[PDB]
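**Student:** The structure's right below; bear with me while I get my questions together.
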Amino acid sequence: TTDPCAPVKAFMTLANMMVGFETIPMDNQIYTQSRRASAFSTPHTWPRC
Amino acid sequence: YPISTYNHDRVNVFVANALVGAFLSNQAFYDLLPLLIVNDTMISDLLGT
Amino acid sequence: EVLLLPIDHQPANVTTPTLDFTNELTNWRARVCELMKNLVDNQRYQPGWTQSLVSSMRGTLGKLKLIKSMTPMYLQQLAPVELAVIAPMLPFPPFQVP
Amino acid sequence: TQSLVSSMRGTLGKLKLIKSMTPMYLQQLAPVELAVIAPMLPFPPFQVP
């Protein structure tokens, strides 16, 4: 896909898979680790880890 | 925070302890970093934040 | 101007709720599943359970510890607000010993 | 088969650990019953040690 947020969707898909196994520092408490990976689609919303 | 301009100002103890505890627990510590440097007293920043 | 609740209550900070794993009820479920896996890993207590039943029981228990449930978070940070809203619009007021 | 040996010595262990009240009955209650029956018999008890 020509979506520029394809790598962050690929990373957040695994981070949604692994909830409770391993925890990562997210940006805030809104866009958490267990939030669906679809919603990002924006460079402001890329997690800092 | 640059050290050379923030060398001689007192830091906030609650934000420091909560920042260490949030970083060791991976619990979205980035919204504590603006509260780390204190002003007008130690307690009123936490009240009026 | 006070009610008593048998579980802990911190209030939430957002209005869009998601799932996380930090409250005393999920901690309690984790410790119960942890002791039951310490109980089933022992072979002298269930000698008839050979290998695959043992590993399947371990996995069922760990998965049941890690179910995506929302009721403990609800009890932690939404339902006390609802009880506090309900309780003065109530014909029989609260009557609580500590 | 090494599976069946351990599994069904587990059966012997569980049959050792069965719950039943006939042994406690034979220890504690049935001698009291024979002691209260035995005067009321047409044939008195005739015993060798």
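Every number here is computed from the coordinates shown, using simple stated rules; none is lab data. As a convention, Cβ positions derive from the backbone with ideal geometry for all residues, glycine included, and neighbour counts pool all protein chains shown.
**Student:** Determine, for B:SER4, D:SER6, the number of other Cβ atoms within 10 Å of each Cβ, and report the residues in order from fewest to most.
**Tutor:** Starting with the residue having the fewest Cβ neighbours, the order is B:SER4, D:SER6.
**Student:** A further question on this structure: Helix A:6-17 versus the longest principal axis of chain A: what is the Cα-based angle in degrees, 0 to 90, to the nearest 10?
**Tutor:** Taking the Cα atoms of chain A, the angle to A:6-17 is about 20 degrees.
**Student:** Using a Gaussian network for chain C with springs between C-alpha atoms less than 10 Å apart, which of these wobbles most: C:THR60, C:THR16, C:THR71?
**Tutor:** C:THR16
**Student:** What distance in nm separates the two pseudo spin-label positions at B:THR5 and D:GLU33, each 7 Å out from Cα along the beta-carbon direction?
**Tutor:** 9.6 nm
**Student:** Please compute the average number of Cβ atoms from other chains found within 10 Å of each residue's Cβ in peptide A:23-32.
**Tutor:** For this peptide, the per-residue mean of nearby foreign Cβ atoms is 5.
**Student:** Hey, another quick one. Report, in listed order, any pair from C:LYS37/D:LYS16; C:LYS37/D:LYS14; C:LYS37/D:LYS19; C:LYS37/C:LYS68; C:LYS63/D:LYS19 with a Cα-Cα distance greater than 27 Å.
**Tutor:** On the way: C:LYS37/D:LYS16 24 Å; C:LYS37/D:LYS14 20 Å; C:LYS37/D:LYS19 25 Å; C:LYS37/C:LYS68 20 Å; C:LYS63/D:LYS19 33 Å.
The pairs that break the limit, which is 27 Å between Cα atoms, are C:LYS63/D:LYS19.
**Student:** Using θ = phi - 60° and the Karplus relation 6.51 cos²θ - 1.76 cosθ + 1.60, list the HN-Hα couplings for region C:30-44 in order, rounded to whole Hz, with x at every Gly or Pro.
**Tutor:** Each residue's phi maps through the Karplus curve to give 5, 6, 5, 5, 5, 6, 6, 6, 5, 7, 7, 5, 6, 8, 6 Hz.
**Student:** Are there any chymotrypsin sites (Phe, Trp or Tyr not before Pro) in chain B that are in a DSSP loop and have at most 12 other Cβ atoms within 10 Å? List them by number.
**Tutor:** Hits after loop and neighbour filter: B:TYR6.
**Student:** Here's another thing I want to ask about it. Just to check, using Stokes-Einstein with a Kirkwood Rh over alpha carbon pairs, what's the diffusion coefficient of chain D at 20 °C and 1.002 mPa s in µm²/s? Write down the numbers at each step before the final one.
**Tutor:** Values: Rh = 14.6 Å.
In µm²/s, the coefficient is 146.
**Student:** Post the alpha-carbon centroid distance, chain A to region C:63-80, in whole angstrom.
**Tutor:** Distance between centres, Cα-based: 22 Å.
**Student:** Related question: Within region C:1-40, which residues have the backbone N less than 12 Å from the label spot 7 Å out from C:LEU90 along Cα→beta-carbon, could you tell me?
**Tutor:** C:2-5
**Student:** Further question on the same structure: Subtract the Cα-Cα distance of D:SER7 and D:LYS19 from 0.36 nm times their separation in residues, and report this length gain in nm to one decimal.
**Tutor:** 2.3 nm
**Student:** Compute the distance from the alpha-carbon center of region C:8-36 to that of region D:28-49, in whole Å.
**Tutor:** 66 Å
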